[PDB]
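Coming up, as structure tokens: structure 1 and structure 2, two forms of one and the same protein chain.
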Structure 1
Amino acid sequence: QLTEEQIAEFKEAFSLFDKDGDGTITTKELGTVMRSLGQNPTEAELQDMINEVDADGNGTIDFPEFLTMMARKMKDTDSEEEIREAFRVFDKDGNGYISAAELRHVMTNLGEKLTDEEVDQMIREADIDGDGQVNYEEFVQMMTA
């Protein structure tokens, strides 16, 4: 299922995290490595994944093992949709357009390490019209660029 572009990226990321040059990371570094490649499992999914791959009990993950677990992950998730869904929750009347102030509340709350400026401009180009209303479909397709 995995392309040449991906395995090579995974390979680079993996090898930086394997620090003793033997070609294995530990159990606890997995989620870190994965999240650095744009795949965030739950604590649960990251236990299932860990208990399966660590059936021998040596807390060892090959690149091959890593390649396997990352293939299964990505089969499952749709990033693009999952964000658009998340913004939908804030459309009380449907119609695809949530308020510009609401969008300020979302981002300041879910913007874990954002800053007031970084927020402020988000809202500015959130929607370039003088209306409160902001397109949330537009917003993601803008940030996904």
Structure 2
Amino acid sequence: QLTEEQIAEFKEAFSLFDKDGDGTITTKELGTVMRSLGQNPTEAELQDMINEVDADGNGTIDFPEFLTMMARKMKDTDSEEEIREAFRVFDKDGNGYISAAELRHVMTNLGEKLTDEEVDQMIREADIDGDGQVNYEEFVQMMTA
């Protein structure tokens, strides 16, 4: 099951979406609320979850049904190894380094709503070496912390 501290976080967040305090949110808003709590279900997974909750077609989810769902997607995802593997796919040799240029390409491509300046900042503030290389595991660390 969940931690009590996690149930609390989930409650505080949910409650802002429960816009007349009956213990339900809109089914349309499920993705949003899960994502803002750091879980990222696919459109398929979202549909699955909706169908399970919306047979009666009122289009709402209880708070207990929402915990079930967060719990479910929490099992699937390891955020840490997903971010590593993503960057690793651009690591030709597998030594944990890519060129700064390669990191600029990836981040401009895979940043939906970055400005060019924020990309400049990312690369500026990274620890590039004399080869022009950057340790992406460290890069992630810095961006996270």
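Every residue number counts along structure 1's sequence, beginning with 1. Basically, rigid core = biggest C-alpha set you can superpose within 1.5 Å across the two forms. Shifts are known only where both forms have a C-alpha.
Among the candidates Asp62, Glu102, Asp91, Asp54, displacement between structures 1 and 2 reaches 2 angstroms at the C-alpha for one position only, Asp54 (superposition on the rigid core). After superposing the rigid core, the Cα of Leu16 is displaced by less than 2 Å between structures 1 and 2. With the core fitted, the CA of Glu81 sits 0.8 Å away from its counterpart between structures 1 and 2. Here the two forms are laid over each other by their core, and the C-alpha of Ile128 is off by 4.3 Å between structures 1 and 2. Against the superposed rigid core, the consecutive-residue runs (3 or more long) showing CA movement of at least 2 Å between structures 1 and 2 span 52 to 60, 128 to 131.
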